[PDB]
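enclosed are the sequence and the experimentally obtained structure.
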Amino acid sequence: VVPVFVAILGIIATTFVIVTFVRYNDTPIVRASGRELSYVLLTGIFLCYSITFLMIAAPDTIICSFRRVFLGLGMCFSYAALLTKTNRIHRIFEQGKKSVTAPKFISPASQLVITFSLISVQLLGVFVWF
Amino acid sequence: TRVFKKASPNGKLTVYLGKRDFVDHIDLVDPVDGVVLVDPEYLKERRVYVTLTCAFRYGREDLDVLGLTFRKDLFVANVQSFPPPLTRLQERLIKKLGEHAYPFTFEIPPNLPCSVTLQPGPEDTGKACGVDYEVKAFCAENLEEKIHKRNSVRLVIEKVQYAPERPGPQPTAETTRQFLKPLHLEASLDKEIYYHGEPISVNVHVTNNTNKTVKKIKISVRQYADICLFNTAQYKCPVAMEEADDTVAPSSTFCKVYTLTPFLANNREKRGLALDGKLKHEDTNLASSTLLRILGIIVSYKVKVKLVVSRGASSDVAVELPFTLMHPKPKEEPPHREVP
């Protein structure tokens, strides 16, 4: 019972923290907080709490398959999003490398490309041995 | 015997000032004196107000995608002029002008920021980023309600600092790096305070007791800018560089002198590089160092010496030396234009 209650409380908290961001979506914090990366990270957290139900259930072919494929993904989404956000913060932190003009800035579009590549590596790695 | 005047679009209201640069001594700043000439018949029951305002504006390339800009007024002062200690210039102007001349004087609090403009980009159109000051004289029935464009005169004024008269200590640095017998690096400059356009000479002395070999020596001059009003990262950028292929063999010493000079000709593509205050879109040199003894951009300058020793993947051994880059106090006020 207790893991299920913990997961329900966590999913309620995640719902609140995502509805707030969807509701405002204009304040400077949300804008400068990497909206796409934040949404990907929150989706990963959302998927993280569902896996307790697949673990607590009775073993089965489809259930074991879901466990295997989703366990790595739940961590991979969150940590890839955090890695991309940290890379953006680091690139802003120092400035002016040994080159003219503005320091390189990761664009909102490129963040999705890097995050999805890092996720897809784990996806294919899981699928091969699945 | 040469003052600056500006008139409102109608021509009824005129503003006279004696200077455009006001020097900061860290303790107390030159007061802003001025005279205003009005037309009593033009204004039935209105008043003439003067104001002094300091403005800070900042934006960056990554924040433009998100649509964010930052603005704030650091200091605002208001005086009432038409219905009234006179300095010599104000008395002489009132004597030269008629009875409708009335003075105003402003005292800028100390420890306020200087005038700084960040280099614009190719497609920047409007007002630049940085911190600036302006005086604005207008006619209105009340201060808090409305300011018409026709009854308003605006002038830009620069608050500036100049090089200290007493030189400081010689800048020197030393480092020791022992790997998994040490490598010992020493660097020094000739003087602490440099003037714009003057060369910087750095003397390096490396002793290598290790079995390693230094391949390259990289020397650079770098600028740091602190935007410290909102929660904003510091801007850092190299403004001069020199890479030398000098090898320091194991069990050997080495000593050399290098000369560098930062200037704007090769640094014109660096968007966001700090520059001295501008009245207009004219050219100004690199920004001068700030003497603190805040609230806006703070400029600093350093020299960096790096050794690239790899053997074996390459490791770096580096030192830094701060310095000051300023203008000497001139006998004549700067023109704020291209003279020839």
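Thanks, I have the structure now. Numbering: from 1, shown residues only, chains lettered A, B, ... in the order given.

tell me the secondary structure at residue A:31.
Following DSSP: H, G, I helix; E, B strand; the rest coil, residue A:31 is assigned to helix.

contacting residues for it?
Contacts for residue A:31 (CB atoms under 8 Å, 6 or more residues apart in numbering or on different chains) come out as B:66, B:67, B:68. All C-beta spots, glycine's among them, are computed from the backbone N, C-alpha and C.

in chain A, what residue is nearest chain B?
With distances taken as CB to the nearest CB, chain A approaches chain B most closely at residue A:96, which sits 3.2 Å away.

which residues sit in contact with the residue in chain A sticking out farthest from the centre?
The outermost residue of chain A, judged against the average C-alpha position, is residue A:100 (34.4 Å), by CA atoms, centre = their mean. By CB under 8 Å, 6+ apart, residue A:100 lies in contact with B:267, B:269, B:270.

which bits of the stretch 151-300 of chain B sit near chain A?
Neighbours of chain A within the stretch 151-300 of chain B, by CB under 8 Å from any CB of the partner chain: B:222, B:233-238, B:241, B:267, B:269-272.

distance of whichever residue of chain B sits closest to chain A from residue B:250?
The shortest separation between chain B and chain A is 3.2 Å, found at residue B:237 (distances taken as CB to the nearest CB). Distance, residue B:237 to residue B:250, using CB to CB, to the nearest Å: 36 Å.

so between the two, which is more surrounded?
Looking at residue B:237 and residue B:250 with other CB atoms under 10 Å in any protein chain shown, you find the greater number of neighbours at residue B:237, namely 19 against 14.

what about the nearest residue to the more buried one once chain neighbours are set aside, neighbour count?
For residue B:237, the nearest residue in space outside its immediate sequence neighbours is residue A:96; the separation is 3.2 Å by CB to CB, 6 or more residues apart in numbering or on different chains. Summarising burial for residue A:96: neighbours were counted as other CB under 10 Å, giving 20.

so where do the helices sit in the chain?
Let's take chain A. Secondary structure of chain A, counting by DSSP state H: helices at A:2-24, A:28-32, A:35-56, A:61-93, A:108-129.

actually, chain B is the one I wanted.
With helices called from DSSP H, chain B shows them at B:61-66, B:88-96.

restricting to C-alpha, output the first one in PDB.
Below are the C-alpha coordinates for helix B:61-66, written out as PDB (Å, rounded to 0.1, in the frame of the first residue of the first chain):
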ATOM      1  CA  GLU B  61      21.000  37.900 -27.500                       C
ATOM      2  CA  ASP B  62      19.700  34.800 -25.700                       C
ATOM      3  CA  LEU B  63      17.100  36.900 -23.800                       C
ATOM      4  CA  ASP B  64      15.800  38.400 -27.000                       C
ATOM      5  CA  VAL B  65      14.400  35.100 -28.200                       C
ATOM      6  CA  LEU B  66      12.500  34.900 -24.900                       C
END
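
give me the number of residues near residue B:180?
Every residue meeting other CB under 10 Å relative to residue B:180 is counted, giving 2.

check residue B:149 too.
Using other CB under 10 Å as the criterion, residue B:149 is surrounded by 9 other residues.

if we can go back for a sec, mark which of the residues of the stretch 151-300 of chain B next to chain A are buried, thanks.
Neighbour-count burial (16 or more other CB atoms under 10 Å in any protein chain shown) is assigned, among these, to B:222, B:235, B:236, B:237, B:238, B:267, B:270, B:271, B:272.

count of neighbours near residue 32?
In the absence of a named chain, chain A is used. Should you count by other CB under 10 Å, residue A:32 turns out to have 13 residues around it.

ah, I was thinking of chain B
When neighbours are defined as other CB under 10 Å, residue B:32 has 22 of them.

likewise for residue B:167?
The tally of other residues near residue B:167 (other CB under 10 Å) stands at 11.

touching, it and residue B:189? I think so.
No: Residue B:167 is not in contact with residue B:189 according to CB atoms under 8 Å; the separation is 11.6 Å.

spit out the contact partners of residue B:281.
When contacts are taken as CB under 8 Å, 6+ apart, residue B:281 is in contact with no other residue.

show the backbone phi and psi for it.
Per-residue torsions, residue B:281: phi -90, psi 20 (degrees, to the nearest 10).

how about stretch B:180-194: buried residues?
Of the residues in stretch B:180-194, those buried under the neighbour-count criterion (16+ other CB under 10 Å) are B:183, B:184, B:185, B:186, B:187, B:188, B:189, B:193, B:194.

name the nearest residue to residue A:103, ignoring sequence neighbours.
Skipping the residues right next to it in sequence, residue A:103 comes nearest to residue A:95 by CB to CB, 6+ apart, at 4.3 Å.

quick one: the one you found from residue B:225, how far?
The gap separating residue A:95 from residue B:225 is 9 Å, by CB to CB.

I am finished for the moment; much appreciated.
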